[PDB]
Amino acid sequence: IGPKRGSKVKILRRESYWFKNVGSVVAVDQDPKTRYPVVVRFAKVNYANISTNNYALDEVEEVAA
Amino acid sequence: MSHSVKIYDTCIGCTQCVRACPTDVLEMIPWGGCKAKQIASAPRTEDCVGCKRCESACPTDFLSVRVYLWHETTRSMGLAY
Amino acid sequence: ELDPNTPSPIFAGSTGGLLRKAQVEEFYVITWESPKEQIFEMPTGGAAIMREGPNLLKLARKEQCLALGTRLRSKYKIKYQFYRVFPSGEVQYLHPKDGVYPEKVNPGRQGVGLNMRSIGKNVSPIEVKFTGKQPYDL
Ligand SMILES: CCCCCCCCCCCCO[C@H]1O[C@H](CO)[C@@H](O[C@H]2O[C@H](CO)[C@@H](O)[C@H](O)[C@H]2O)[C@H](O)[C@H]1O
Ligand SMILES: CCCCCCCCCCCCO[C@H]1O[C@H](CO)[C@@H](O[C@H]2O[C@H](CO)[C@@H](O)[C@H](O)[C@H]2O)[C@H](O)[C@H]1O
Ligand code: SF4
Ligand code: SF4
């Protein structure tokens, strides 16, 4: 806590169910390393019975900001 | 394609996730870093029929497979007999 | 057959399994271990018993002969084992090969998962017109 970790993020890929909608996050990755970090989470479910997916900062367009 | 339905996802972890599907899917082939580190989308698929039992469980987050193979043996449908 | 009678997996009759197309083409068969004399469920509708030998029942087609597991592992046992019989020999060594239990690591074998480009924006439709000179035979 000091910058911004997981406090409000849209999705922008167009495949991902809650795509353009902004729900909440969690333990976003630490290290330099990989390509699929970030958990996100929101109320609304989706086509599977369980939906709580991990997208990745190449993107999260949050966008402003 | 001749069995080409994409169930891929991103975790490709397979614990309380997915196993079901007659023979086809001998995976756990850990790619150099993807969390529970077992990955990809299949093994040698020239063996069994056309499920989508394939997802039904454990994410594909996009599509999920079904029939799309067309070129379709028989061993690839129960009935060659 | 009889003059050679080599059995293992008890049954009696049945209009279920094996018929003409398991000579004229391929064969498929499952084998297993077991503790003490136990009555099972069966593919093809019927139902019999066990004890041993090879415990080597032969089966019509291989989706049929792994379902000994989809229940025949809700009835104890590490070991169950199905191969591929021809009308003459091998290539396709079915539960043979390397390790076993689909969910471990020795090698990687096939699979891949990607095509050219990955799941990403294939709003991009079908590209080139199919023409004998640009890597779309995979
Ligand atoms: C708390 C009091 C008990 C003392 C233990 C200390 C607790 C902290 C250590 C926990 C990790 C120990 O290792 C432990 O990993 C798994 C459960 O976690 C079990 O293993 C299991 O889970 C693996 C993932 O790890 C799976 O791939 C396997 O299918 C399965 O065999 C191990 O059989 C167990 O030994
Ligand atoms: C690269 C992974 C698969 C393809 C894109 C991945 C998903 C989208 C993110 C990629 C964003 C980068 O886009 C990328 O476009 C081209 C592919 O290298 C590069 O384009 C460049 O490629 C080389 C250096 O880079 C040069 O020899 C080329 O003259 C130049 O056009 C861009 O410099 C790069 O920015
Ligand atoms: S998404 Fe399906 S099978 Fe794919 S990696 Fe996970 S469970 Fe494995
Ligand atoms: S989904 Fe396809 S490959 Fe998977 S088990 Fe079913 S048929 Fe086989």
# chains A, B, ... in the order shown; residues from 1 in each chain; ligands from 1
$ residues_near_ligand --ligand "ligand 3" --cutoff "9 Å" --atoms "only C-alpha atoms and all ligand atoms" --output "PDB file with N, CA, C and O atoms, in the first residue's frame"
ATOM      1  N   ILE B   7     -10.079 -25.907 -25.405  1.00  0.00           N
ATOM      2  CA  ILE B   7     -10.450 -25.882 -24.028  1.00  0.00           C
ATOM      3  C   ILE B   7      -9.326 -25.198 -23.287  1.00  0.00           C
ATOM      4  O   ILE B   7      -9.528 -24.725 -22.189  1.00  0.00           O
ATOM      5  N   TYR B   8      -8.126 -25.122 -23.854  1.00  0.00           N
ATOM      6  CA  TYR B   8      -7.158 -24.309 -23.104  1.00  0.00           C
ATOM      7  C   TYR B   8      -7.839 -23.362 -22.051  1.00  0.00           C
ATOM      8  O   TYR B   8      -9.072 -23.256 -21.994  1.00  0.00           O
ATOM      9  N   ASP B   9      -7.019 -22.729 -21.193  1.00  0.00           N
ATOM     10  CA  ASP B   9      -7.436 -21.670 -20.231  1.00  0.00           C
ATOM     11  C   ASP B   9      -6.194 -20.786 -19.873  1.00  0.00           C
ATOM     12  O   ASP B   9      -5.812 -19.890 -20.636  1.00  0.00           O
ATOM     13  N   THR B  10      -5.588 -21.051 -18.717  1.00  0.00           N
ATOM     14  CA  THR B  10      -4.411 -20.328 -18.242  1.00  0.00           C
ATOM     15  C   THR B  10      -3.832 -20.977 -17.005  1.00  0.00           C
ATOM     16  O   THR B  10      -2.634 -20.809 -16.725  1.00  0.00           O
ATOM     17  N   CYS B  11      -4.660 -21.700 -16.253  1.00  0.00           N
ATOM     18  CA  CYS B  11      -4.151 -22.358 -15.048  1.00  0.00           C
ATOM     19  C   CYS B  11      -3.615 -23.704 -15.460  1.00  0.00           C
ATOM     20  O   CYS B  11      -2.541 -24.092 -15.002  1.00  0.00           O
ATOM     21  N   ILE B  12      -4.370 -24.405 -16.323  1.00  0.00           N
ATOM     22  CA  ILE B  12      -4.105 -25.820 -16.666  1.00  0.00           C
ATOM     23  C   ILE B  12      -3.664 -26.695 -15.462  1.00  0.00           C
ATOM     24  O   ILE B  12      -3.145 -27.817 -15.625  1.00  0.00           O
ATOM     25  N   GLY B  13      -3.869 -26.149 -14.258  1.00  0.00           N
ATOM     26  CA  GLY B  13      -3.882 -26.950 -13.060  1.00  0.00           C
ATOM     27  C   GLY B  13      -5.054 -27.911 -13.232  1.00  0.00           C
ATOM     28  O   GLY B  13      -6.147 -27.533 -13.777  1.00  0.00           O
ATOM     29  N   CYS B  14      -4.822 -29.164 -12.818  1.00  0.00           N
ATOM     30  CA  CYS B  14      -5.903 -30.151 -12.808  1.00  0.00           C
ATOM     31  C   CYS B  14      -6.241 -30.801 -11.487  1.00  0.00           C
ATOM     32  O   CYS B  14      -6.357 -32.042 -11.443  1.00  0.00           O
ATOM     33  N   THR B  15      -6.429 -29.990 -10.429  1.00  0.00           N
ATOM     34  CA  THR B  15      -6.909 -30.539  -9.158  1.00  0.00           C
ATOM     35  C   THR B  15      -8.202 -29.874  -8.715  1.00  0.00           C
ATOM     36  O   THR B  15      -8.269 -28.636  -8.551  1.00  0.00           O
ATOM     37  N   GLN B  16      -9.222 -30.718  -8.490  1.00  0.00           N
ATOM     38  CA  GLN B  16     -10.626 -30.277  -8.374  1.00  0.00           C
ATOM     39  C   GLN B  16     -10.858 -29.242  -9.469  1.00  0.00           C
ATOM     40  O   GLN B  16     -11.043 -28.025  -9.205  1.00  0.00           O
ATOM     41  N   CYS B  17     -10.785 -29.760 -10.704  1.00  0.00           N
ATOM     42  CA  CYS B  17     -10.815 -28.950 -11.902  1.00  0.00           C
ATOM     43  C   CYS B  17     -11.321 -29.788 -13.106  1.00  0.00           C
ATOM     44  O   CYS B  17     -12.487 -29.615 -13.453  1.00  0.00           O
ATOM     45  N   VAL B  18     -10.491 -30.659 -13.739  1.00  0.00           N
ATOM     46  CA  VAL B  18     -10.974 -31.627 -14.780  1.00  0.00           C
ATOM     47  C   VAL B  18     -10.073 -32.806 -15.195  1.00  0.00           C
ATOM     48  O   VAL B  18      -8.864 -32.649 -15.422  1.00  0.00           O
ATOM     49  N   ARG B  19     -10.730 -33.963 -15.372  1.00  0.00           N
ATOM     50  CA  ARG B  19     -10.102 -35.270 -15.667  1.00  0.00           C
ATOM     51  C   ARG B  19     -10.904 -36.011 -16.756  1.00  0.00           C
ATOM     52  O   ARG B  19     -10.353 -36.426 -17.795  1.00  0.00           O
ATOM     53  N   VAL B  25      -6.930 -37.316 -23.244  1.00  0.00           N
ATOM     54  CA  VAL B  25      -6.188 -36.200 -22.656  1.00  0.00           C
ATOM     55  C   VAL B  25      -5.107 -36.596 -21.591  1.00  0.00           C
ATOM     56  O   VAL B  25      -5.280 -36.337 -20.394  1.00  0.00           O
ATOM     57  N   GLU B  27      -2.307 -35.204 -20.454  1.00  0.00           N
ATOM     58  CA  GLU B  27      -1.508 -33.989 -20.242  1.00  0.00           C
ATOM     59  C   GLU B  27      -0.653 -34.025 -18.947  1.00  0.00           C
ATOM     60  O   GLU B  27       0.035 -35.031 -18.684  1.00  0.00           O
ATOM     61  N   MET B  28      -0.717 -32.954 -18.136  1.00  0.00           N
ATOM     62  CA  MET B  28       0.337 -32.659 -17.171  1.00  0.00           C
ATOM     63  C   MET B  28       1.598 -32.713 -18.022  1.00  0.00           C
ATOM     64  O   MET B  28       2.186 -33.786 -18.234  1.00  0.00           O
ATOM     65  N   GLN B  38       1.090 -26.990 -14.800  1.00  0.00           N
ATOM     66  CA  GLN B  38       0.842 -28.014 -15.835  1.00  0.00           C
ATOM     67  C   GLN B  38      -0.096 -27.413 -16.853  1.00  0.00           C
ATOM     68  O   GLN B  38      -1.070 -26.800 -16.476  1.00  0.00           O
ATOM     69  N   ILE B  39       0.222 -27.557 -18.139  1.00  0.00           N
ATOM     70  CA  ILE B  39      -0.284 -26.614 -19.160  1.00  0.00           C
ATOM     71  C   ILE B  39      -0.791 -27.207 -20.478  1.00  0.00           C
ATOM     72  O   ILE B  39      -1.098 -28.403 -20.576  1.00  0.00           O
ATOM     73  N   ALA B  40      -0.858 -26.323 -21.478  1.00  0.00           N
ATOM     74  CA  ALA B  40      -1.332 -26.620 -22.836  1.00  0.00           C
ATOM     75  C   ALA B  40      -2.853 -26.969 -22.929  1.00  0.00           C
ATOM     76  O   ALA B  40      -3.699 -26.361 -22.244  1.00  0.00           O
ATOM     77  N   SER B  41      -3.189 -27.937 -23.789  1.00  0.00           N
ATOM     78  CA  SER B  41      -4.555 -28.083 -24.258  1.00  0.00           C
ATOM     79  C   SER B  41      -4.896 -29.537 -24.576  1.00  0.00           C
ATOM     80  O   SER B  41      -6.080 -29.900 -24.574  1.00  0.00           O
ATOM     81  N   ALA B  42      -3.870 -30.362 -24.862  1.00  0.00           N
ATOM     82  CA  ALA B  42      -4.030 -31.837 -25.095  1.00  0.00           C
ATOM     83  C   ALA B  42      -2.690 -32.624 -25.040  1.00  0.00           C
ATOM     84  O   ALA B  42      -1.631 -32.031 -24.758  1.00  0.00           O
ATOM     85  N   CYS B  54     -15.056 -32.459 -22.070  1.00  0.00           N
ATOM     86  CA  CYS B  54     -13.725 -31.848 -22.090  1.00  0.00           C
ATOM     87  C   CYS B  54     -13.487 -30.579 -21.237  1.00  0.00           C
ATOM     88  O   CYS B  54     -12.540 -30.523 -20.443  1.00  0.00           O
ATOM     89  N   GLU B  55     -14.298 -29.544 -21.448  1.00  0.00           N
ATOM     90  CA  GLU B  55     -14.585 -28.641 -20.344  1.00  0.00           C
ATOM     91  C   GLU B  55     -15.707 -29.335 -19.542  1.00  0.00           C
ATOM     92  O   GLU B  55     -15.417 -30.268 -18.758  1.00  0.00           O
ATOM     93  N   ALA B  57     -16.271 -29.056 -17.120  1.00  0.00           N
ATOM     94  CA  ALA B  57     -15.494 -28.680 -15.912  1.00  0.00           C
ATOM     95  C   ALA B  57     -14.062 -28.258 -16.220  1.00  0.00           C
ATOM     96  O   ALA B  57     -13.502 -28.685 -17.216  1.00  0.00           O
ATOM     97  N   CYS B  58     -13.464 -27.474 -15.310  1.00  0.00           N
ATOM     98  CA  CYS B  58     -12.136 -26.803 -15.453  1.00  0.00           C
ATOM     99  C   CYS B  58     -11.958 -25.983 -16.712  1.00  0.00           C
ATOM    100  O   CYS B  58     -11.586 -26.525 -17.776  1.00  0.00           O
ATOM    101  N   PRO B  59     -12.170 -24.662 -16.568  1.00  0.00           N
ATOM    102  CA  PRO B  59     -12.050 -23.559 -17.496  1.00  0.00           C
ATOM    103  C   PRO B  59     -11.293 -23.689 -18.866  1.00  0.00           C
ATOM    104  O   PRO B  59     -10.348 -24.484 -19.054  1.00  0.00           O
ATOM    105  N   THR B  60     -11.775 -22.852 -19.789  1.00  0.00           N
ATOM    106  CA  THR B  60     -11.435 -22.811 -21.217  1.00  0.00           C
ATOM    107  C   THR B  60     -11.628 -21.339 -21.543  1.00  0.00           C
ATOM    108  O   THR B  60     -11.309 -20.873 -22.644  1.00  0.00           O
ATOM    109  N   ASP B  61     -12.151 -20.639 -20.525  1.00  0.00           N
ATOM    110  CA  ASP B  61     -12.438 -19.195 -20.505  1.00  0.00           C
ATOM    111  C   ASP B  61     -12.272 -18.487 -21.870  1.00  0.00           C
ATOM    112  O   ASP B  61     -11.271 -17.811 -22.145  1.00  0.00           O
TER     113      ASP B  61
END
$ residues_near_ligand --ligand "ligand 4" --cutoff "8 Å" --atoms "only C-alpha atoms and all ligand atoms" --output "list in words"
residues 3, 5, 20, 21, 22, 23, 24, 25, 42, 45, 48, 49, 50, 51, 52, 53, 54, 55, 65, 66 and 67 of chain B
$ write_last_selection --atoms "C-alpha atoms" --output "mmCIF file, in the first residue's frame"
data_model
loop_
_atom_site.group_PDB
_atom_site.id
_atom_site.type_symbol
_atom_site.label_atom_id
_atom_site.label_comp_id
_atom_site.auth_asym_id
_atom_site.auth_seq_id
_atom_site.Cartn_x
_atom_site.Cartn_y
_atom_site.Cartn_z
ATOM 1 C CA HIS B 3 -9.474 -32.852 -33.465
ATOM 2 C CA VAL B 5 -11.453 -27.787 -30.047
ATOM 3 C CA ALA B 20 -13.217 -36.730 -17.441
ATOM 4 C CA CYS B 21 -12.977 -37.743 -21.146
ATOM 5 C CA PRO B 22 -12.321 -41.299 -22.643
ATOM 6 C CA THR B 23 -8.477 -41.621 -23.088
ATOM 7 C CA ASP B 24 -7.910 -38.506 -25.147
ATOM 8 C CA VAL B 25 -6.188 -36.200 -22.656
ATOM 9 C CA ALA B 42 -4.030 -31.837 -25.095
ATOM 10 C CA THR B 45 -5.559 -36.771 -29.815
ATOM 11 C CA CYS B 48 -10.934 -40.895 -29.094
ATOM 12 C CA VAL B 49 -14.409 -39.515 -29.942
ATOM 13 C CA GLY B 50 -15.903 -35.930 -29.523
ATOM 14 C CA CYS B 51 -17.035 -34.966 -26.011
ATOM 15 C CA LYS B 52 -17.047 -31.392 -24.527
ATOM 16 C CA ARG B 53 -17.136 -33.420 -21.369
ATOM 17 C CA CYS B 54 -13.725 -31.848 -22.090
ATOM 18 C CA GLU B 55 -14.585 -28.641 -20.344
ATOM 19 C CA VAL B 65 -14.832 -27.652 -27.694
ATOM 20 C CA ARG B 66 -17.667 -29.891 -28.918
ATOM 21 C CA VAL B 67 -17.652 -31.798 -32.262
#
$ atom_distance --atom1 "CA of residue 17 in chain C" --atom2 "CA of residue 60 in chain C"
5.6 Å
$ atom_distance --atom1 "atom 29 (O, counted along the ligand's line) of ligand 2" --atom2 "CA of residue 122 in chain C"
23.2 Å
$ interface_residues --of "chain A" --to "chain B" --cutoff "10 Å" --atoms "only C-alpha atoms" --output "list in words"
residues 14, 15, 16, 17, 33, 34, 35, 36, 37, 47, 48, 49, 50, 51, 53, 54 and 55 of chain A
$ write_last_selection --atoms "N, CA and C atoms" --output "PDB file, in the first residue's frame"
ATOM      1  N   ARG A  14     -12.280  -9.179 -24.694  1.00  0.00           N
ATOM      2  CA  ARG A  14     -13.481  -9.523 -25.501  1.00  0.00           C
ATOM      3  C   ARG A  14     -13.602 -10.997 -25.800  1.00  0.00           C
ATOM      4  N   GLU A  15     -13.882 -11.715 -24.719  1.00  0.00           N
ATOM      5  CA  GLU A  15     -13.836 -13.169 -24.626  1.00  0.00           C
ATOM      6  C   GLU A  15     -14.222 -13.380 -23.179  1.00  0.00           C
ATOM      7  N   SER A  16     -13.539 -12.617 -22.315  1.00  0.00           N
ATOM      8  CA  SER A  16     -13.782 -12.576 -20.904  1.00  0.00           C
ATOM      9  C   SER A  16     -15.179 -12.075 -20.688  1.00  0.00           C
ATOM     10  N   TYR A  17     -15.963 -12.921 -20.040  1.00  0.00           N
ATOM     11  CA  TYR A  17     -17.369 -12.666 -19.746  1.00  0.00           C
ATOM     12  C   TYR A  17     -17.707 -11.216 -19.302  1.00  0.00           C
ATOM     13  N   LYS A  33       8.438 -11.270 -13.191  1.00  0.00           N
ATOM     14  CA  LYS A  33       8.346 -12.415 -14.179  1.00  0.00           C
ATOM     15  C   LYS A  33       7.239 -12.588 -15.284  1.00  0.00           C
ATOM     16  N   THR A  34       6.175 -13.367 -14.997  1.00  0.00           N
ATOM     17  CA  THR A  34       5.325 -14.011 -16.051  1.00  0.00           C
ATOM     18  C   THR A  34       4.366 -13.112 -16.893  1.00  0.00           C
ATOM     19  N   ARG A  35       3.305 -13.758 -17.435  1.00  0.00           N
ATOM     20  CA  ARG A  35       2.273 -13.086 -18.265  1.00  0.00           C
ATOM     21  C   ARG A  35       0.751 -13.257 -17.843  1.00  0.00           C
ATOM     22  N   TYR A  36       0.359 -14.302 -17.077  1.00  0.00           N
ATOM     23  CA  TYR A  36      -1.021 -14.284 -16.435  1.00  0.00           C
ATOM     24  C   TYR A  36      -1.163 -14.106 -14.886  1.00  0.00           C
ATOM     25  N   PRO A  37      -0.523 -13.074 -14.286  1.00  0.00           N
ATOM     26  CA  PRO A  37      -0.931 -12.586 -12.936  1.00  0.00           C
ATOM     27  C   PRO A  37      -2.435 -12.191 -12.749  1.00  0.00           C
ATOM     28  N   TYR A  47     -21.031 -17.889 -17.656  1.00  0.00           N
ATOM     29  CA  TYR A  47     -21.578 -19.104 -18.270  1.00  0.00           C
ATOM     30  C   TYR A  47     -21.251 -20.426 -17.581  1.00  0.00           C
ATOM     31  N   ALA A  48     -20.184 -20.424 -16.790  1.00  0.00           N
ATOM     32  CA  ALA A  48     -19.843 -21.570 -15.979  1.00  0.00           C
ATOM     33  C   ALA A  48     -20.519 -21.396 -14.622  1.00  0.00           C
ATOM     34  N   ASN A  49     -20.599 -22.470 -13.840  1.00  0.00           N
ATOM     35  CA  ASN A  49     -21.239 -22.365 -12.527  1.00  0.00           C
ATOM     36  C   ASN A  49     -20.364 -21.537 -11.596  1.00  0.00           C
ATOM     37  N   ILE A  50     -19.039 -21.709 -11.722  1.00  0.00           N
ATOM     38  CA  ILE A  50     -18.083 -20.881 -10.962  1.00  0.00           C
ATOM     39  C   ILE A  50     -17.185 -19.985 -11.846  1.00  0.00           C
ATOM     40  N   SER A  51     -17.189 -18.691 -11.505  1.00  0.00           N
ATOM     41  CA  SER A  51     -16.520 -17.668 -12.290  1.00  0.00           C
ATOM     42  C   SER A  51     -15.746 -16.625 -11.419  1.00  0.00           C
ATOM     43  N   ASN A  53     -11.893 -15.248 -12.200  1.00  0.00           N
ATOM     44  CA  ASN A  53     -10.849 -15.483 -13.182  1.00  0.00           C
ATOM     45  C   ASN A  53      -9.618 -14.592 -13.017  1.00  0.00           C
ATOM     46  N   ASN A  54      -8.536 -14.990 -13.702  1.00  0.00           N
ATOM     47  CA  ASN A  54      -7.254 -14.264 -13.687  1.00  0.00           C
ATOM     48  C   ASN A  54      -6.812 -13.788 -15.085  1.00  0.00           C
ATOM     49  N   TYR A  55      -6.768 -12.458 -15.194  1.00  0.00           N
ATOM     50  CA  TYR A  55      -6.405 -11.736 -16.391  1.00  0.00           C
ATOM     51  C   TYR A  55      -5.034 -11.124 -16.087  1.00  0.00           C
TER      52      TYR A  55
END
$ closest_atom_pairs --of "chain A" --to "ligand 2" --cutoff "12 Å" --atoms "only C-alpha atoms and all ligand atoms" --output "tab-separated table"
residue	atom	partner	partner_atom_place_in_ligand_line	distance
A:13	CA	ligand 2	8 (C)	11.2
A:35	CA	ligand 2	7 (C)	11.0
A:57	CA	ligand 2	9 (C)	11.6
A:58	CA	ligand 2	9 (C)	7.9
A:59	CA	ligand 2	9 (C)	9.4
$ atom_distance --atom1 "CA of residue 18 in chain A" --atom2 "CA of residue 38 in chain A"
14.9 Å
$ residues_around --residues "range 3-10 of chain A" --least-positions-apart "5" --cutoff "12 Å" --atoms "only C-alpha atoms" --output "JSON, numbers by chain"
{"A": [16, 17, 18, 19, 20, 21, 22, 23, 24, 25, 26, 27, 28, 29, 30, 37, 38, 39, 40, 41, 42, 55, 56, 57, 59, 60, 61, 62, 63, 64, 65]}
$ write_last_selection --atoms "N, CA, C and O atoms" --output "compact mmCIF listing (two decimals), in the first residue's frame"
# COMPACT_ATOMS: atom_id res chain seq x y z
N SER A 16 -13.54 -12.62 -22.31
CA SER A 16 -13.78 -12.58 -20.90
C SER A 16 -15.18 -12.08 -20.69
O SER A 16 -15.52 -10.95 -21.07
N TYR A 17 -15.96 -12.92 -20.04
CA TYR A 17 -17.37 -12.67 -19.75
C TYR A 17 -17.71 -11.22 -19.30
O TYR A 17 -18.45 -10.51 -20.01
N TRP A 18 -17.18 -10.78 -18.15
CA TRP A 18 -17.51 -9.44 -17.60
C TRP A 18 -16.58 -8.34 -18.14
O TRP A 18 -16.47 -7.25 -17.57
N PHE A 19 -15.94 -8.69 -19.27
CA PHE A 19 -15.18 -7.78 -20.16
C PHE A 19 -15.23 -6.29 -19.69
O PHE A 19 -14.64 -5.91 -18.67
N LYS A 20 -15.99 -5.47 -20.43
CA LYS A 20 -16.09 -4.05 -20.17
C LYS A 20 -16.57 -3.66 -18.79
O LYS A 20 -16.51 -2.48 -18.46
N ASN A 21 -17.05 -4.60 -17.97
CA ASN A 21 -17.48 -4.20 -16.63
C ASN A 21 -16.39 -4.24 -15.58
O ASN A 21 -15.58 -5.15 -15.59
N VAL A 22 -16.43 -3.29 -14.65
CA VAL A 22 -15.42 -3.21 -13.61
C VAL A 22 -15.90 -3.79 -12.28
O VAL A 22 -16.78 -3.21 -11.61
N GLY A 23 -15.32 -4.93 -11.90
CA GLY A 23 -15.47 -5.48 -10.56
C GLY A 23 -14.17 -5.30 -9.80
O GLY A 23 -13.30 -4.51 -10.21
N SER A 24 -14.03 -6.06 -8.71
CA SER A 24 -12.89 -5.96 -7.79
C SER A 24 -11.82 -7.05 -8.03
O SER A 24 -12.09 -8.06 -8.70
N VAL A 25 -10.62 -6.81 -7.47
CA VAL A 25 -9.35 -7.52 -7.73
C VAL A 25 -8.89 -8.50 -6.61
O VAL A 25 -9.70 -9.21 -6.00
N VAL A 26 -7.57 -8.53 -6.37
CA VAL A 26 -6.89 -9.25 -5.29
C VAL A 26 -5.45 -9.67 -5.70
O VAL A 26 -5.04 -9.56 -6.86
N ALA A 27 -4.72 -10.20 -4.72
CA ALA A 27 -3.27 -10.44 -4.78
C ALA A 27 -2.53 -10.34 -6.13
O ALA A 27 -1.68 -11.18 -6.43
N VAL A 28 -2.81 -9.30 -6.92
CA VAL A 28 -2.00 -9.01 -8.11
C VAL A 28 -0.49 -9.37 -7.92
O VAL A 28 0.09 -9.11 -6.85
N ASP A 29 0.11 -9.96 -8.96
CA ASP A 29 1.51 -10.44 -8.91
C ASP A 29 2.54 -9.42 -8.42
O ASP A 29 2.38 -8.16 -8.51
N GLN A 30 3.61 -10.00 -7.91
CA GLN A 30 4.67 -9.21 -7.35
C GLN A 30 5.76 -9.06 -8.41
O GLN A 30 5.94 -7.96 -8.96
N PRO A 37 -0.52 -13.07 -14.29
CA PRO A 37 -0.93 -12.59 -12.94
C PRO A 37 -2.43 -12.19 -12.75
O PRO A 37 -3.32 -12.79 -13.39
N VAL A 38 -2.69 -11.21 -11.86
CA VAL A 38 -4.04 -10.69 -11.45
C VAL A 38 -5.29 -11.60 -11.45
O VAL A 38 -5.77 -12.06 -12.49
N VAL A 39 -5.77 -11.84 -10.24
CA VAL A 39 -7.11 -12.37 -9.95
C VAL A 39 -7.97 -11.13 -10.11
O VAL A 39 -7.47 -10.01 -9.93
N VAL A 40 -9.22 -11.30 -10.53
CA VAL A 40 -10.21 -10.24 -10.32
C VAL A 40 -11.41 -10.98 -9.84
O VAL A 40 -11.45 -12.21 -9.95
N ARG A 41 -12.38 -10.23 -9.28
CA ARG A 41 -13.63 -10.81 -8.76
C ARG A 41 -14.75 -9.79 -8.80
O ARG A 41 -14.52 -8.60 -8.53
N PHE A 42 -15.95 -10.27 -9.14
CA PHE A 42 -17.20 -9.48 -9.07
C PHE A 42 -18.44 -10.34 -8.80
O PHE A 42 -18.45 -11.54 -9.04
N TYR A 55 -6.77 -12.46 -15.19
CA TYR A 55 -6.40 -11.74 -16.39
C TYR A 55 -5.03 -11.12 -16.09
O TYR A 55 -4.47 -11.41 -15.02
N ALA A 56 -4.47 -10.30 -16.98
CA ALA A 56 -3.07 -9.88 -16.77
C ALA A 56 -2.70 -8.56 -17.39
O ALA A 56 -3.06 -8.27 -18.53
N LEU A 57 -1.88 -7.81 -16.64
CA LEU A 57 -1.69 -6.40 -16.86
C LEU A 57 -1.34 -5.97 -18.27
O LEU A 57 -1.45 -4.77 -18.55
N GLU A 59 -2.73 -4.91 -20.92
CA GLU A 59 -4.13 -4.72 -20.78
C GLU A 59 -4.43 -4.05 -19.47
O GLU A 59 -4.04 -2.93 -19.23
N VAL A 60 -5.14 -4.76 -18.62
CA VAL A 60 -6.21 -4.19 -17.86
C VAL A 60 -6.39 -2.71 -18.06
O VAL A 60 -5.82 -1.94 -17.33
N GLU A 61 -7.21 -2.32 -19.02
CA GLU A 61 -6.95 -1.10 -19.73
C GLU A 61 -7.30 0.06 -18.84
O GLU A 61 -7.60 1.10 -19.37
N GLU A 62 -7.35 -0.28 -17.56
CA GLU A 62 -8.39 0.07 -16.61
C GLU A 62 -9.12 1.10 -17.36
O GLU A 62 -10.23 0.91 -17.88
N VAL A 63 -8.45 2.22 -17.38
CA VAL A 63 -8.32 3.08 -18.46
C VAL A 63 -8.94 4.18 -17.79
O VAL A 63 -9.93 3.95 -17.15
N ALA A 64 -8.35 5.36 -17.91
CA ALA A 64 -8.43 6.36 -16.89
C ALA A 64 -8.88 5.49 -15.80
O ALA A 64 -10.07 5.47 -15.45
N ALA A 65 -7.92 4.75 -15.30
CA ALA A 65 -6.52 5.17 -15.28
C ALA A 65 -5.54 4.08 -14.89
O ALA A 65 -4.80 3.54 -15.71
$ select_by_dssp --residues "chain C" --states "strand (DSSP E)" --output "mmCIF file with N, CA, C and O atoms, in the first residue's frame"
data_model
loop_
_atom_site.group_PDB
_atom_site.id
_atom_site.type_symbol
_atom_site.label_atom_id
_atom_site.label_comp_id
_atom_site.auth_asym_id
_atom_site.auth_seq_id
_atom_site.Cartn_x
_atom_site.Cartn_y
_atom_site.Cartn_z
ATOM 1 N N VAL C 29 -8.644 -54.264 -25.763
ATOM 2 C CA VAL C 29 -8.835 -55.194 -24.605
ATOM 3 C C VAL C 29 -8.224 -54.693 -23.259
ATOM 4 O O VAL C 29 -7.094 -54.160 -23.230
ATOM 5 N N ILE C 30 -8.972 -54.876 -22.161
ATOM 6 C CA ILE C 30 -8.508 -54.465 -20.825
ATOM 7 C C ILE C 30 -8.266 -55.604 -19.855
ATOM 8 O O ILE C 30 -8.951 -56.623 -19.876
ATOM 9 N N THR C 31 -7.278 -55.350 -18.995
ATOM 10 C CA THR C 31 -6.657 -56.319 -18.107
ATOM 11 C C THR C 31 -6.511 -55.610 -16.726
ATOM 12 O O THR C 31 -6.520 -54.351 -16.655
ATOM 13 N N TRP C 32 -6.403 -56.395 -15.647
ATOM 14 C CA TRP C 32 -6.409 -55.829 -14.278
ATOM 15 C C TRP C 32 -5.947 -56.792 -13.169
ATOM 16 O O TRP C 32 -5.664 -57.971 -13.426
ATOM 17 N N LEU C 56 -8.229 -60.550 -17.781
ATOM 18 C CA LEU C 56 -7.951 -60.069 -19.151
ATOM 19 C C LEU C 56 -9.164 -60.097 -20.090
ATOM 20 O O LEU C 56 -9.179 -60.869 -21.064
ATOM 21 N N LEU C 57 -10.154 -59.234 -19.837
ATOM 22 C CA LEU C 57 -11.329 -59.192 -20.719
ATOM 23 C C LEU C 57 -11.109 -58.393 -21.959
ATOM 24 O O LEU C 57 -10.434 -57.361 -21.917
ATOM 25 N N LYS C 58 -11.693 -58.878 -23.053
ATOM 26 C CA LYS C 58 -11.474 -58.271 -24.342
ATOM 27 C C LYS C 58 -12.681 -57.440 -24.711
ATOM 28 O O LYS C 58 -13.830 -57.841 -24.466
ATOM 29 N N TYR C 80 -4.962 -51.340 -13.558
ATOM 30 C CA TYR C 80 -5.967 -51.722 -14.545
ATOM 31 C C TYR C 80 -5.249 -51.305 -15.844
ATOM 32 O O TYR C 80 -4.435 -50.353 -15.879
ATOM 33 N N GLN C 81 -5.477 -52.059 -16.906
ATOM 34 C CA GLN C 81 -4.485 -52.034 -17.937
ATOM 35 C C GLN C 81 -5.063 -52.516 -19.263
ATOM 36 O O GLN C 81 -5.329 -53.719 -19.437
ATOM 37 N N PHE C 82 -5.261 -51.584 -20.202
ATOM 38 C CA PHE C 82 -5.759 -51.986 -21.531
ATOM 39 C C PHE C 82 -4.869 -51.572 -22.687
ATOM 40 O O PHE C 82 -4.347 -50.441 -22.736
ATOM 41 N N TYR C 83 -4.719 -52.525 -23.613
ATOM 42 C CA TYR C 83 -3.749 -52.421 -24.706
ATOM 43 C C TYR C 83 -4.463 -52.268 -26.048
ATOM 44 O O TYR C 83 -5.633 -51.863 -26.093
#
